[PDB]
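To keep things clear, I will list the structure first and then write my remarks on it.
Every chain is numbered from 1 and lettered A, B, ... according to where its sequence line falls, protein lines coming before strand lines.
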Amino acid sequence: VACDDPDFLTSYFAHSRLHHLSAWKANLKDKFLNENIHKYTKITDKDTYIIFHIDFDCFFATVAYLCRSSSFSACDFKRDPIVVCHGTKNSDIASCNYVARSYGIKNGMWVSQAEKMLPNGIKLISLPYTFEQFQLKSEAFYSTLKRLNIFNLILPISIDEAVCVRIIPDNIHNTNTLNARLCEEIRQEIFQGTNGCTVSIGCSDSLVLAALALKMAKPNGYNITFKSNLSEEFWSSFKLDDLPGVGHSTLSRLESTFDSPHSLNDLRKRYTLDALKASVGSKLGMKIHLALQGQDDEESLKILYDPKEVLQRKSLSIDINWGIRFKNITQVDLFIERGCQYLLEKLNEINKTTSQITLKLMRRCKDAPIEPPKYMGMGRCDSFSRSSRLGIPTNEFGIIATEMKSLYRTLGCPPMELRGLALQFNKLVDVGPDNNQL
DNA sequence: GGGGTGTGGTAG
DNA sequence: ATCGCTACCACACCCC
Ligand SMILES: Nc1ccn([C@H]2C[C@H](O)[C@@H](COP(=O)(O)OP(=O)(O)OP(=O)(O)O)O2)c(=O)n1
Ligand SMILES: [Ca+2]
Ligand SMILES: [Ca+2]
Ligand SMILES: [Ca+2]
């Protein structure tokens with residue numbers, strides 16, 4: 001299905017695991033809001049809480065293995081390096097098992113890159129996606145978590161991951177013996193309920209330490225590390241980009257500024273708050289500083305104190321940066337129209353209008369090959385964005401699609417140089433019962 | 001003090 | 001072959 005075919009968006013989203021991830025996450029958040037419309041559902045100043053951060057180990061790889069076709073009968077999850085991917089070369093490894101990771105393979109690597117990490121005779125097993133079973137195993141996960149009746153708040157993070165909060169009465173002497181019991185119950189009940197998937201669990205009294213504890217626990221384990229338990233041994237165990245919020249760009253800046261720390265212990269012994277803030281910015285610097293103390297920042301805590309506002313959707317968009325090869329502006333405009341139709345179907349499902357929209361595009365870099373290394377990839381591009389305030393909030397196709405096509409024209413991208421498009425509704429407006437307006 | 005725009009970055 | 005999405009904080013830099 002080419003990008004000028006009316007079925008392209010349907011086919012692309014059907015095959016895109018990144019689309020599936022975002023849609024699943026959005027749907028879990030909507031369900032949380034719907035199930036909690038009447039309930040208080042939030043941590044109070046008065047609560048002392050424990051965080052149980054629970055997450056499937058190598059989720060797609062595990063499920064796709066447990067569900068593999070007869071052709072993969074013989075595959076051994078504990079001995080073979082297994083990846084889930086569409087392709088054979090410049091195709092993303094969506095998930096890899098811990099055997100593969102023992103050779104240095106990582107989620108997001110191209111199969112082409114991963115294969116070079118393997119010694120002679122060691123063969124990469126590549127399993128197809130099983131999207132519907134990913135969903136079904138997630139359902140079993142979330143159902144088990146609720147049925148245990150041990151959590152005061154269950155927060156969806158993604159298809160395979162939840163932050164679960166237990167409030168501890170001041171009446172009650174929490175102990176790690178009780179926490180280990182709960183961890184082991186959760187792991188067993190989910191292993192049973194999912195027919196063979198494993199989860200790991202990080203357990204702490206901050207979100208950030210629960211996240212690091214989760215990392216330490218993997219694969220197929222649990223780790224309890226409270227602030228009281230912090231030690232050089234703990235911090236020495238983590239790379240810099242194990243901290244939530246530290247990706248590759250922030251890592252690069254930390255390594256430049258602090259002489260290539262090789263563990264969170266190195267960073268914590270070397271940094272100063274002000275140098276940190278200079279390196280990575282004021283809020284991120286404060287976040288990292290607080291994290292290196294085992295403590296959450298104000299922004300991260302909002303999910304505990306006001307989950308309904310955190311989880312409420314504030315924008316709606318689609319992004320298509322793969323398979324984009326148009327010959328003329330007629331075809332670009334029709335695709336923009338198809339994208340607007342899709343977005344408006346979603347906007348109407350949530351009973352909202354929009355007052356502000358954006359078109360963003362990827363354009364081939366002047367010196368970048370027409371056909372990039374990744375088949376149908378966007379390749380190396382320059383990004384361009386323009387937004388427009390609509391005035392009266394609307395859900396009218398005619399208004400929105402017209403302004404989107406106009407936004408496209410102002411960015412000046414020749415159709416044959418286009419490599420990607422995003423269509424965004426940046427501001428959403430409730431629809432109430434009263435619609436009488438002059 | 002309040003508003004605005006486009007862009008960087010991260011996560012899963 | 002191959003399916004490189006998408007929500008949202010923070011930021012720089014503009015206005016008054
Ligand atoms: N670069 C990525 C990262 C994740 N995912 C999908 C596949 C993962 O199975 C799943 C969940 O993401 P996680 O980051 O939780 O990773 P895994 O569950 O695969 O491994 P881990 O045991 O490290 O949590 O999301 C993907 O397609 N591409
Ligand atoms: Ca996981
Ligand atoms: Ca996860
Ligand atoms: Ca990180």
Closest nucleotide among B:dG12, C:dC3, B:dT5 to the A:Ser91 side chain: C:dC3
Listed nucleotide nearest any side-chain atom of A:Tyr375, set C:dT6, C:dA1, B:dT10: C:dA1
Sugar-phosphate, base or nothing in reach of A:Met376, heavy atoms under 4.0 Å: nothing
Sugar-phosphate only, base, or nothing, as touched by A:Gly247 at under 4.0 Å among non-hydrogen atoms: sugar-phosphate
Gap between atoms CH2 and P, on A:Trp110 and C:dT2 respectively (whole Å): 9 Å
P-based separation of C:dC3 from B:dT10 [nearest Å]: 22 Å
Phosphate OP1/OP2 of C:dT6: any A:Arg313 side-chain N/O under 4.0 Å: no
Nearest to side-chain heavy atoms of A:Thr88, which nucleotide of B:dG12, B:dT10, C:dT2: C:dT2
Touch class at under 4.0 angstrom, heavy-atom based, for A:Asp160 against every strand present: sugar-phosphate
Plane angle bin for A:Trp322 and A:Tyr12 - parallel if under 30°, tilted between 30 and 60°, otherwise perpendicular: parallel
Contact list for DNA chain B against residues 317-339 of chain A - heavy-atom distance below 4.0 Å: none
A:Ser249 side-chain N/O to B:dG9 phosphate OP1/OP2 under 4.0 Å: yes
Nearest-Å distance for atom pair CD/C1', residues A:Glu299 and B:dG9: 15 Å
Presence of donor-acceptor pair under 3.5 Å, side chain of A:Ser16 and base of C:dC3: no
A:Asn220, CG: over 12 other non-hydrogen atoms inside 6.0 angstrom: yes
side-chain contact (heavy atoms from CB on, under 4.5 Å) assessment of A:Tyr408 paired with A:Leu418: CA-CA 11 Å; A:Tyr408 185 85; A:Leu418 187 61; 3.7 Å; yes
Sugar-phosphate only, base, or nothing, as touched by A:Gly108 at under 4.0 Å among non-hydrogen atoms: nothing
Check: A:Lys239 main-chain N/O paired with A:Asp242 side-chain donor or acceptor under 3.5 Å: yes
Side-chain N,O (A:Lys287) to OP1/OP2 (C:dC9) below 4.0 Å: no
Candidates B:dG12, B:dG6, C:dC3 - which lies nearest the side chain of A:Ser22: B:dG12
Sugar-phosphate only, base, or nothing, as touched by A:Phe59 at under 4.0 Å among non-hydrogen atoms: nothing
A:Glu309 versus A:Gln312, side-chain donor and acceptor atoms under 3.5 Å: no
Gap separating the CG atom of A:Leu127 from the CZ atom of A:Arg68, nearest 0.5 angstrom: 8.0 Å
A:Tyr98 six-ring centre to A:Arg101 NZ/CZ under 6.0 Å and within 45° of normal: yes
Nearest-angstrom distance from the residue atom CG of A:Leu251 to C1' of B:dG9: 13 Å
Plane angle bin for A:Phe134 and A:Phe59 - parallel if under 30°, tilted between 30 and 60°, otherwise perpendicular: tilted
pair A:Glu337-A:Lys405: side-chain heavy atoms closer than 4.5 Å: yes
Non-hydrogen side-chain atoms of A:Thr353 and A:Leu390 separated by less than 4.5 Å: no
Touch class at under 4.0 angstrom, heavy-atom based, for A:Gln356 against every strand present: sugar-phosphate
Sign-based sugar class (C1'-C2'-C3'-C4') of B:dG6: south
Sugar-phosphate, base or nothing in reach of A:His86, heavy atoms under 4.0 Å: base
Sugar-phosphate, base or nothing in reach of A:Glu371, heavy atoms under 4.0 Å: nothing
Parallel, tilted or perpendicular: ring planes of A:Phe238 versus A:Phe234, cut at 30 and 60 degrees: perpendicular
Can you name the atoms? Protein N/O to nucleotides 11-14 of chain C N/O, anything below 3.5 Å, with the distance.
from   : atom 1 : to       : atom 2 : distance (Å)
C:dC11 : OP1    : A:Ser282 : N      : 3.3
C:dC11 : OP1    : A:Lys283 : N      : 3.1

Integer-rounded Å distance: C:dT6 P and A:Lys314 NZ: 17 Å
d(CD, A:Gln135; P, B:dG12) in whole Å: 19 Å
For atom NE2 of A:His248 and atom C1' of B:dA11, their distance in whole Å: 12 Å
Presence of salt bridge, A:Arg380 and A:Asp367, under 4.0 angstrom: yes
Rounded distance (Å) that lies between atom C1' of C:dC9 and atom CD1 of A:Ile288: 14 Å
A:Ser387 side-chain N/O to B:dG6 phosphate OP1/OP2 under 4.0 Å: yes
A:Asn90 CG - C:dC3 P separation (whole Å): 9 Å
Upstream residue (5' side of DNA chain C) when A:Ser11 and A:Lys29 are each assigned their closest nucleotide: A:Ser11
C:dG4 phosphate, OP1 or OP2, under 4.0 Å from A:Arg17 side-chain N/O: yes
Distance below 4.0 Å between A:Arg386 side-chain N/O and B:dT5 OP1 or OP2: no
Sugar-phosphate only, base, or nothing, as touched by A:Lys360 at under 4.0 Å among non-hydrogen atoms: nothing
